[PDB]
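Geometric and topological summary
One-letter residues, chain by chain:
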2 protein chains.
Amino acid sequence: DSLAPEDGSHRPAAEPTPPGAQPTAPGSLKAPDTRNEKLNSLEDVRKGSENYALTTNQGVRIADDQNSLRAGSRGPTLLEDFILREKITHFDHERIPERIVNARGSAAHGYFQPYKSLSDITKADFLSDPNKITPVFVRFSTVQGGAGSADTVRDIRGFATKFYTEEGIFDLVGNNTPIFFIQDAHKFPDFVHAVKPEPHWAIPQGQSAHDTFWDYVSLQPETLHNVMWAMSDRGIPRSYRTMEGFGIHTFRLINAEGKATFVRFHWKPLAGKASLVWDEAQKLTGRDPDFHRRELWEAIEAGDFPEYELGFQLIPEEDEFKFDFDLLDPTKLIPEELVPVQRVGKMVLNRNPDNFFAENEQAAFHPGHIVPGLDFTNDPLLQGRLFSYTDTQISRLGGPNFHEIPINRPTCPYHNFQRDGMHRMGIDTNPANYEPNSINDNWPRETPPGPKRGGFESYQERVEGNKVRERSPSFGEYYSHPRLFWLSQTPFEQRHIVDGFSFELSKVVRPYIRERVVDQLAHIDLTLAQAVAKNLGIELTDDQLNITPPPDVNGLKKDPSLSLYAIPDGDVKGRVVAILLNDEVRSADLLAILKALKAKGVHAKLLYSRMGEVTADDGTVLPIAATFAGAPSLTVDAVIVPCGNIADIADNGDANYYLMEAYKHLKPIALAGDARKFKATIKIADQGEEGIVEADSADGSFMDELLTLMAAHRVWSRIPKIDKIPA
Amino acid sequence: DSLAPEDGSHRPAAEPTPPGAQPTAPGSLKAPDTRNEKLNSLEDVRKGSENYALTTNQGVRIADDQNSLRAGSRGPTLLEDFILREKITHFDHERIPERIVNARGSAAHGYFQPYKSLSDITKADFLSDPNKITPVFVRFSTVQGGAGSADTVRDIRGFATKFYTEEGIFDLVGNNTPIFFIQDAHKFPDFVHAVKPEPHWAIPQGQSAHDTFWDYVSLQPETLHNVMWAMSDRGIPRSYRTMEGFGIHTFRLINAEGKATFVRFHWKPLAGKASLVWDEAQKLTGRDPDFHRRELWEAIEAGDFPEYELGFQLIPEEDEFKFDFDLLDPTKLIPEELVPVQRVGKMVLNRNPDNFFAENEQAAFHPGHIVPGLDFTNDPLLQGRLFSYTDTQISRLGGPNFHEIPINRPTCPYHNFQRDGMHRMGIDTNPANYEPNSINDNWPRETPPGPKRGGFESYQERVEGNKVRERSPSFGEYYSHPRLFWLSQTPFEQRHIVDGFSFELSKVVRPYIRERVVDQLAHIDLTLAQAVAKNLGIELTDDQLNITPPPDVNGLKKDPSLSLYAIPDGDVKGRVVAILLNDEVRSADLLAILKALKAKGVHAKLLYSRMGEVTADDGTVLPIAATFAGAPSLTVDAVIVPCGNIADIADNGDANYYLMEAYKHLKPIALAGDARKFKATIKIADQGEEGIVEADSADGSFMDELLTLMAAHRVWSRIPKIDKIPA
Ligand code: HEM
Ligand code: HEM
């Protein structure tokens, strides 16, 4: 109809722009030049739209897409309207089953590149040449909730990477915590059923705060390690860009000589580690249930590409038994103070998808998708995972040919004797559909193992024992890793952990379940146990108070790599600041604030009590991003209030509340000139306090103080001060 | 094995208990004695568990459900472990596609009963006899969000009722608003795509506040009437028990003599009409995203059974064209001032399901599922709905035998010649699978239509016109029902409407879309348009200021039944009060509180700053239901603060914040004795204020005041005092 506005304002600029600045859009419309080989091979299935006639699926042009065919304009719909019928039919079949676990996820395209050849330890082609680029597709996710639940729940996050190598798809399907809850895959369905919504009423969504989770945990102490991690701030990351990633299981690297090495896979966030605080995370599920999805997407459109360093913990075959814990036990971490992570390569995520359904929702990852140069181990959880995935994927995607869906295909077409199945797209021409054959001179052919481009051979690990359904006795230790984790956290991290356990156990209706969790916490650490106990109105028995603590892990009293914050790794590029305007902002302060933010790659959003524009003292017209209520403090990393007619907003409940919520959630607050009248709102002494930047104006110094606070992410020293303000 | 606790406290009592008193459970365990013919017929597929051996699906007992089968305790898992493969396999295939629309739903069982015989106007058997009951199954839902999305979003609600009649299943598939957004089923996929998450990034969930939605609305003014309903407090109901239900389309009633009467179906909630306020509802999507689901379930476990009265708007065939709107247009409502709702029967929901998946998720409703005595009309939206539902259910549920899933089966066996299909449960013995046949003497047989127990015969409506894809010109009016809706709302409802539009349009990135919506509102009502425009920083043009308002609807200047609150209809039974404990509560006050609350059937939740128990002044041990933060004021209808050691909670940040949030949300607050000191927290004058009950102690008058206030639902007169309080 030519409904677009005459001005071109409906379509974003195909260049990197700041979050909130332009309508977001499909990846290849937004960043047409961001390319790689996999992204280039997808061009054959991308479809355009502009300037085409509207058609049926069979190519017939549609004249009237507003009406059904009927006998009279007020008469009955006629069965012969095939156009109406195809439209409703497709719509009626849009949905597919969501993943059993990790149904909520957000994904992006990018590339990986190794720093140096790793040929001495692995013949994996993607690790052999630093001038070589392997396209990747990453999907991050939550675990428990549906595809439509909230992003910022407390939970473990999945972190799956598909590597389209030259010798096959390698999928590195890991999580954001280095261990899992259970030891043997046989218990996956019991554990997952316990954390998922309870069967009689399907409640609660996206939460482990319910009886069944804690019943299970209280009966299966192998779970306490990963439960500590989830109860901590690790359970509620600030963003997918600011969390670690782990393969979890011990795998094998295999070189050209046949030497096998043990490896654990790590991803280090180049943006540093950072998480929200519980009240903030919970509230954020209400105000913006898509916060992680949006943030990841907008980060990529702004050019703040999520960057991660692939790292390896390497353990020679001869040191297999040299630890306190079993290397093949997935509830056990390998302390970096014992086995350091070696830097291997870098992954950059620089393009969003075009169609979430087509690329994200249909993407299929599998930990069994390994390439020559890698191999498994006998880890019993990994071993049972090797059976799931493909199984579930055919159910979910419609057939065994789901490897032909565009996102899932290798960069080089495969050749084998597999035929038919639902929705077969390739048309095979080989005369032979079996091997060995003589009618196609045996093609395609087997390829011996070799140093490069050889066929897949499993490592000839020795196998010895009886056929038994038995847990290895070396896996029977459950409290020493949870304790190592506990001792490595800072004091404010310990309290957050205490509050995580306290909050969750309080949603457990059956009191005895709470008491049993407390009993288990008393086997990890007495100080942890007493503080949780106290929050539940429980007193430990004398016996509980004398439980002897678990042994150290290989003599360690702590390991600082396990804390999010003990060792500062801050980075503010990509963070965002809220700027509370008034109806006559001193433009001098605004100019100084925005330019300083911009120099460090920090984003800003101009907020007011209404939408539209406000005009600064010199006549500068300032466009408003969102209102105070519309873009709450939960969504920003810090707040700045410029001088101006402060009386315009000083009595605005939403304005004041904005600073109270941000102060409560430990965020840096900066007040310029008369904005300092808000100090009374958050009870700040005349003197001032650490975490509150204030001055007569927003000069250079003022912005450097604010940015330094931003580099340390939150104002932990404010904790005792927040207790009292009602917010 | 002894896992249950000694006391037997792991399992709920099988009697009506207030919310949070005991753990919730499967309805047949919770209320074994609640029966009806449908509930009893589910007995063939209901399964027990206590005292049974754990077995495979093939009946083989399992000895070890903790371990996979491997070669040596630390070796690899063996392919021959069929116990493990079955377990993992069934889990891998758990999920089914969720509903295309209305995926988020909460359901229950109950019964319906007519007040009197309706045999002069219909031959439908379920309306023929006041002493004959019909089992029902009801599913309430949101529209936009997925199965794991939140309950208290802003959206339309679906209200589907499955009547298991003696002459077949009748499904009355309605919503909580009398009209739908569009006129022709052809546009359904267009309208649902625009409101659903945006295709590139799949954001946002369960919210219409995004560009594609408002883009569609601004170009399709036929959507404005249901947009008005959605933006008012109808869009955020307090409970599924506190909303209206409507079939929306005009349908037909056909009596035994063949006379047709046009009819619109209504449900009246006997718990009255009530809704949340936006800030509360959005915040509630974070604190408790399963709030409506939970409240329904717990109301039924408490004995507070959701009850609705079925009502009919009856219009004789000769009055088809007597309104100034088309009777067959589903964007138009029939004002109760023109055609009254006649009482027809009562529906009571008295039993929760046993398994949400098996009975809620697999339930299938179809507006095409009518019985003799009822028939359709040419409503173009209704007509195209008959091309859908069956279709989607076969892909969703797995095949054409979805009528054989327990929850969907009619009470009496069905008989026909249809055979085979995936998962066929019935085993047919008819020698003939076709008709006419002579080998089974033509059984089963066709039955002629008649007054009772006859075959279905469509009403013989005259059809006249050419085959056209054309909108009836009589449907071409879009502004007068919107305006009639607007003028019938109270002043505080109109402010709420203004704010919904202001809020939503502010999340619309492209400003011209905001401007187009405003221009459409200026065709409905200038005052409304002006208020929205001013919140968006927009100026109405001179042209926009001179648009003549649309015509009245058949001389009406308003219709009070369109308002939630203009006519008082308050019912407190089943509501819930928060009681903020301290560590030395005046048992005298608590006693008075609970006895008065009990007499009106209002529940209570005892809150404290920690979990466990507190002891009152007389030694009564009071167990704590939840903390102040853990069960926020959002979740209750009113707040009571009893005397006791007030100093224990006087400086409690969460306790003070509880009252500020409640106050802001217009909830009734009661303060006894020293609890009156919290009056400063919410800045209330020394004298007093309408909406705050205060006294030396909690007494007879104290509770009456409080209960009278709760019967009015919210304190609307407090609206002007809340926007300064930063809450
Ligand atoms: C170390 C332990 C595990 C980790 C790190 C892990 C990680 C993941 C991740 C990240 C995903 C989502 C991938 C995506 O975004 O599509 C996922 C999905 C899945 N996981 Fe695993 N998981 C683990 C254990 C298991 C086990 C023991 C089983 C069962 C034997 C299992 C079965 C599944 C299934 C069936 C899916 C759905 C896949 C699909 O539909 O494509 N997981 N897992
Ligand atoms: C008056 C307008 C409409 C109303 C009141 C309405 C109501 C409903 C309700 C309440 C449900 C959920 C049923 C449940 O709880 O299982 C539903 C589902 C559905 N609706 Fe309608 N709807 C309307 C228009 C339409 C139209 C025009 C179409 C397509 C032509 C349509 C297609 C569907 C489909 C495909 C489902 C999913 C059913 C299933 O998977 O079992 N609806 N509708």
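Residues numbered from 1 in each chain as written, not as in the entry; some residues may be left out. Chains lettered and ligands numbered in written order. Part of a larger assembly, values for the part shown. Heavy atoms only, no water.

Method of structure determination, per the deposited record: X-ray crystallography was used for this entry, reaching 2.28 Å resolution.

Looking at the PDB entry, one finds chain A named CATALASE HPII and attributed to Escherichia coli. Here chain A is described in UniProt, under the heading Function, as follows: "Decomposes hydrogen peroxide into water and oxygen; serves to protect cells from the toxic effects of hydrogen peroxide." Checking UniProt for chain A, the heading Sequence similarities contains the comment "Belongs to the catalase family. HPII subfamily." (UniProt positions renumbered as here; feature names shortened; annotations may be inferred.)

Notes on the coordination of the iron atom of ligand 2
Only one protein atom coordinates the iron atom of ligand 2: B:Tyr389 (OH), located 2.0 Å from the metal. Of note, B:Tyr389 is situated in the loop between α10 (380-385) and α11 (390-397). (Donors = N, O, S within 2.8 Å, 3.2 Å for Na, K, Ca; no water. Helix = DSSP H or I, 4+ residues; strand = E, 2+ residues; numbered from the N terminus.)

Quick word on the site of ligand 1
Contacts to ligand 1 come from 25 residues, most closely from A:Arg99, A:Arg139, A:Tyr389, A:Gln393 and A:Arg396. Near ligand 1, the surrounding residues are drawn from chains A and B. Within the side chain of A:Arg139, a nitrogen or oxygen atom sits 2.6 Å from an oxygen atom of ligand 1. A:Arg396 is positioned such that a nitrogen or oxygen atom in its side chain is 2.8 Å from an oxygen atom of ligand 1. Among the secondary structure elements, those contributing two or more residues to the shell around ligand 1 are β4 (158-165), β5 (168-175), α10 (380-385) and α11 (390-397) of chain A together with α3 (82-92) of chain B. (Near = heavy atom within 4 Å. Polar contact = N/O pair within 3.5 Å; in protein donor to acceptor, adjacent residues only side chain to side chain.)

As for the site of ligand 2
Taken together, 24 residues form the shell around ligand 2, and within it B:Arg99, B:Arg139, B:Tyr389, B:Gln393 and B:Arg396 come nearest. In this structure ligand 2 sits where residues from chains A and B come together. In the environment of ligand 2, an oxygen atom lies 2.7 Å from a nitrogen or oxygen atom belonging to the side chain of B:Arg139. Within the side chain of B:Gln393, an N or O atom sits 2.8 Å from an oxygen atom of ligand 2. Put simply, the parts of the chain that give the shell around ligand 2 at least two residues each are β4 (158-165), β5 (168-175), α10 and α11 of chain B. Looking at side-chain class alone, the shell around ligand 2 contains ten nonpolar, nine polar and five charged residues. (Nonpolar A, V, L, I, M, F, W, Y, C, P; charged D, E, K, R; others polar.)

Section: the domain arrangement of chain A
Residue and element names in this part refer to chain A. Looking at the assigned domains, one finds that chain A contains domain 1 (25-410), domain 2 (470-573) and domain 3 (574-727). On the domain 3 side, the residues contacting the seven residues of domain 2 number ten residues. At the junction of domain 2 and domain 3, the tally comes to zero salt bridges. Seen at the junction of domain 2 and domain 3, the total is three residue pairs in polar contact. The residue inventory of the side of domain 2 that touches domain 3, partitioned by class, reads three nonpolar, two polar and two charged. (Domains from an automatic or database assignment. Contact = heavy atoms within 4.5 Å. Salt bridge = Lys/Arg side-chain N within 4 Å of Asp/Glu carboxyl O.)

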